[PDB]
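Residue strings, one per chain:
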Amino acid sequence: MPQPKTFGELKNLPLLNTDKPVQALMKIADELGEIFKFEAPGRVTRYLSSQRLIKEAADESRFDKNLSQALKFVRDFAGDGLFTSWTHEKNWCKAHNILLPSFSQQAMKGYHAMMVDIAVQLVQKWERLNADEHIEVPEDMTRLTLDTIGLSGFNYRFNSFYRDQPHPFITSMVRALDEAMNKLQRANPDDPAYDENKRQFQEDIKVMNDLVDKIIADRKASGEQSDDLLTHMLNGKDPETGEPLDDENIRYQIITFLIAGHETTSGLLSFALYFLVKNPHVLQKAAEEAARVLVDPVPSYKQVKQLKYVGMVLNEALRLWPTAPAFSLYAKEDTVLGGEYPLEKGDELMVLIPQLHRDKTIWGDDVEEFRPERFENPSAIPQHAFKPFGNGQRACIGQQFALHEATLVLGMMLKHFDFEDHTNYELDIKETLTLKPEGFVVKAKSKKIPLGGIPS
Ligand code: HEM
């Protein structure tokens, strides 16, 4: 097994001493191949990059979800919510059973109207820009996605479009996540210098918790019925245990869904638009579909399902830059990987998703090209070749929510504006555990098509 350069007792750790550790690991994967060992003091991981090995790692009877060191840090504020719990923790199975029906087709049709509310707000912001102005893409996508999960899921309005800067919830989340990514790299964690980092970390957790208080308090005082994600959190009962979720876990689920429910979708929309402006025939082809399908003043649910080519664009953006670029597994038992790499019970594997998605033996030599057509026939794609939403029972529960939201929004965008890459933007990918293209700006010239009023 290959292993990258080492530095005495620090082993491989200094290689992650960089603002872009995922991109560093991709370069390492390129040089070393499908598997490499990565050591830090008191830690060893095996990074996987080939569909061949990742298909075995995908076997749930052999491997289960691991909370990598970073998810452990996130756990300080996300606790035993769905994302940061072990598969066998009481509250994983309990919350998964309780909340799974909140992401059914029937539930998706119910979120649609509120997804439209927020999308209308985005479109109105861009219609209302003066000729001198431009769009900050990731910043506006984060306004959109945070607002959509807040409203659809919790009947709460962050009102992100009524703010020139990020919402204070975003500012604290990003700082919290950034701090988690920083702790990894500290060879000397408890040194009194990092006490300022710790104080600020608690302050950020306080900010996120105070917001959760408001979401709970606003529901308590509602008067109206919502029948949404939060209803099911508050009232749903586990079939297999007879119990509802207790108050402590509910607070962790809310934090969990606010963060997991927006951040990566914001990244996806940003990348999608990035790829659209850099590939003019794809853009025109996507715009033509949006115009052809979106005939009413606001989009209906069924129409979003018909935005087939938009779905393909979104999938091809997840292919090149999956916005949650990594997930961790551990061996349940002593086992051998690919008939060649022996693992002991509890050994860690990191699935490096952007590299999985660049496996030339699966996609072809043209992996770097943006080509939505790869997704024309989705069942043509081998199992485990394409995993932007993770794996098995620990796969993304919000997958259809994200894609429906991103398809709706990108459809409306393409219907209502022409986009211009006026700075000739140079791709610069920022890492905060998740990925987004930093400083991506465009200009949107309105096609001046009237926008319908918000349903409900
Ligand atoms: C395109 C955007 C999204 C991407 C790329 C994405 C990616 C992922 C990945 C890779 C995992 C597995 C994590 C791991 O194995 O360590 C995951 C799980 C999860 N996702 Fe997403 N996700 C997205 C959107 C969403 C949305 C919109 C929601 C909520 C509405 C959501 C909620 C969750 C939750 C709660 C989990 C933990 C599931 C469990 O273990 O039971 N995600 N997601």
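Now for a look at the structure at hand. (Residues numbered from 1 in each chain as written, not as in the entry; some residues may be left out. Heavy atoms only, no water.)

What about the overall build of the protein chain?
Consideration 1: When helices and strands are tallied, the protein chain shows 17 helices and 12 strands.
Consideration 2: On C-alpha atoms alone, the protein chain measures out to a radius of gyration of 22 Å, which is about the 23 Å that the 2.2 N^0.38 rule sets for 456 residues.
Consideration 3: The buried share among the 456 residues of the protein chain stands at 54%.
Consideration 4: Summarising the internal contacts of the protein chain: among those between residues at least 6 apart in sequence, 73% fall at separations of at least 24.
Consideration 5: Within the structure as shown, the protein chain displays about 20,700 Å² of accessible surface, and the carbon and sulfur contribution to it stands at 49%.
Consideration 6: Separation between the mean location of the 54 positive side-chain charges and that of the 68 negative ones in the protein chain comes to 2 Å. (Helix = DSSP H or I, 4+ residues; strand = E, 2+ residues; numbered from the N terminus. Rg over C-alpha atoms; globule rule 2.2 N^0.38 Å. Buried < 20%, exposed > 50% of the residue type's maximum accessible area, 1.4 Å probe, protein only. Contact = heavy atoms within 4.5 Å. Areas by Shrake-Rupley, 256 points an atom, 1.4 Å probe, with all protein chains shown as cover. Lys, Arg positive; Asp, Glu negative; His and termini not counted. Charge placed at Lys NZ, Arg CZ, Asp CG, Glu CD.)

Considerations on the site of the ligand
Consideration 1: Around the ligand, 25 residues are found, and the nearest of them are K65, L82, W92, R394 and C396.
Consideration 2: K65 is positioned such that a nitrogen or oxygen atom in its side chain is 2.9 Å from an oxygen atom of the ligand.
Consideration 3: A260 has a polar backbone atom sitting 3.4 Å from a nitrogen atom of the ligand.
Consideration 4: Of all the secondary structure elements, the ones that give two or more residues to the shell around the ligand are α10 (247–260), α11 (263–278) and α17 (399–416).
Consideration 5: Element by element, the count of residues in the shell around the ligand is highest for α11, at 3 residues.
Consideration 6: Of the residues assigned to the shell around the ligand, the class counts are 17 nonpolar, 6 polar and 2 charged. (Near = heavy atom within 4 Å. Polar contact = N/O pair within 3.5 Å; in protein donor to acceptor, adjacent residues only side chain to side chain. Nonpolar A, V, L, I, M, F, W, Y, C, P; charged D, E, K, R; others polar.)

What to know about the packing of helix α5 (residues 105–127) against α17
Consideration 1: Relative to each other, α5 and α17 sit at 35°, their axes nearing to 9 Å. Crossing angle aside, the handedness with which α5 passes α17 is right-handed. Where α5 abuts α17, its residues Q105, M108, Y111, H112, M115, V116, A119, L122, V123, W126 and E127 lie against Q400, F401, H404, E405, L408, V409, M412, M413 and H416.
Consideration 2: The residue inventory of the contact of α5 with α17, partitioned by class, reads 13 nonpolar, 5 polar and 2 charged. (Axes fitted to C-alpha atoms, helices over the stretch in contact; angles between N-to-C directions. Left-handed = near helix turned anticlockwise from the far one by under 90°.)

Digging into the coordination of the iron atom of the ligand
Consideration 1: You will see that the iron atom of the ligand has only one donor from the protein, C396 (SG), lying 2.2 Å away.
Consideration 2: Structurally, the position occupied by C396 is in the loop between α16 (360–363) and α17. (Donors = N, O, S within 2.8 Å, 3.2 Å for Na, K, Ca; no water.)

So, the state of the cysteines
Consideration 1: This structure, assessed with the given rule, holds 0 disulfides.
Consideration 2: The thiol of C93 is unpaired, and the distance to the nearest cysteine sulfur, on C396, comes to 18 Å. (Disulfide = S-S within 2.5 Å.)

Description of the pattern of salt bridges
Consideration 1: Within this structure, the stated rule accounts for 27 salt bridges.
Consideration 2: Notably, a salt bridge pairs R219 with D228, separated by 2.7 Å at the nearest N-O pair. (Salt bridge = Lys/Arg side-chain N within 4 Å of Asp/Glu carboxyl O.)

Things to note about the side chain of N91
Consideration 1: Assignment of secondary structure puts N91 in helix α4 (residues 90–99).
Consideration 2: Owing to a relative accessible area of 8%, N91 belongs among the buried residues under this scheme.
Consideration 3: Side-chain polar atoms of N91 contact the side chain of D80, separated by 2.7 Å.

A look at the pairing of strand β2 (residues 43–48)
Consideration 1: As paired elements, strand β1 (residues 35–40) and β2 share 6 bridges and run antiparallel to each other. By the bridge assignment, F38 is partnered in β2 with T45.
Consideration 2: Once β1 ends, the chain turns through 2 residues before running back antiparallel as β2, passing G42 with a positive phi of about 60°.
Consideration 3: Direction of pairing for β2 relative to strand β8 (residues 348–352): parallel, over a ladder of 3 bridges. (Pairing = 2+ DSSP bridges.)

Points about the nonpolar core
Consideration 1: Core analysis: the largest hydrophobic core is formed by 116 residues, its most contacted members being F77, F154 and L410.
Consideration 2: No other element matches α5, which puts 11 residues into this core.
Consideration 3: Setting aside anything within four residues of it in sequence, one finds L410 in contact with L269, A272, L276, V310, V313 and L314.
Consideration 4: One finds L48, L329, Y341 and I353 within the second-largest nonpolar core, a separate group that totals 16 residues. (Core = buried A, V, L, I, M, F, W, Y, C linked by side-chain atoms within 4.5 Å.)

Re helix α12 (residues 280–293)
Consideration 1: For α12, which comprises 14 residues, the first-to-last C-alpha distance of 20 Å matches the rise-based estimate of 20 Å (1.5 Å per residue) to within 8%.
Consideration 2: Every buried residue of α12 is accounted for by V282, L283, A286, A287, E289, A290 and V293. Down the axis, α12 shows its buried residues gathered within 160° of arc, on one side only. Turned more than 90 degrees from where α12 packs its buried face, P280, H281, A291 and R292 sit exposed.
Consideration 3: Looking at the packing, one finds that the buried side of α12 touches α11, α13 (301–305), α14 (308–320) and α17. (Expected span 1.5 Å × (residues − 1). Arc of directions from axis to C-beta.)

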